């Protein structure tokens, strides 16, 4: 019902991102969860979905090889791990809950998090 993402921030190129999302209320454990991301300019993109119990998952083909979605219902938390990051992995990552339009859709999700920024960087410089 009230989703909060964490784990965002600077990530070294080639490194991995580890995000999590949790809700305050016992109804969390009855909801499938999903992770999305949106790069500047581009439309919001589906990354992974996991059913209420965590037994069943589904990944977008583009990220499937290096992405893991999991959950711990005891702690009312869903996790996203993505490895071997590059520049195109930079964006705002969103957690969503209670999908009503099947698996891997961008529409039909009842609850959305405010999103967490992930920035893949090789370091500083003159800009």
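Positions refer to the first chain, counted from 1.
For the segment pair 27 to 35 and 56 to 64, the entry gives 56 to 64 the higher mean B-factor, averaged over Cα atoms. In this entry, 79 to 87 has the higher mean Cα B-factor, the comparison being between 79 to 87 and 95 to 103. Sorting the modelled residues of the chain by their CA temperature factor places residue 74 in the highest third.
Sorting the modelled residues of the chain by their CA temperature factor places residue 6 in the lowest third. Sort the chain's modelled residues by C-alpha temperature factor and residue 20 lands in the lowest third, per the entry.
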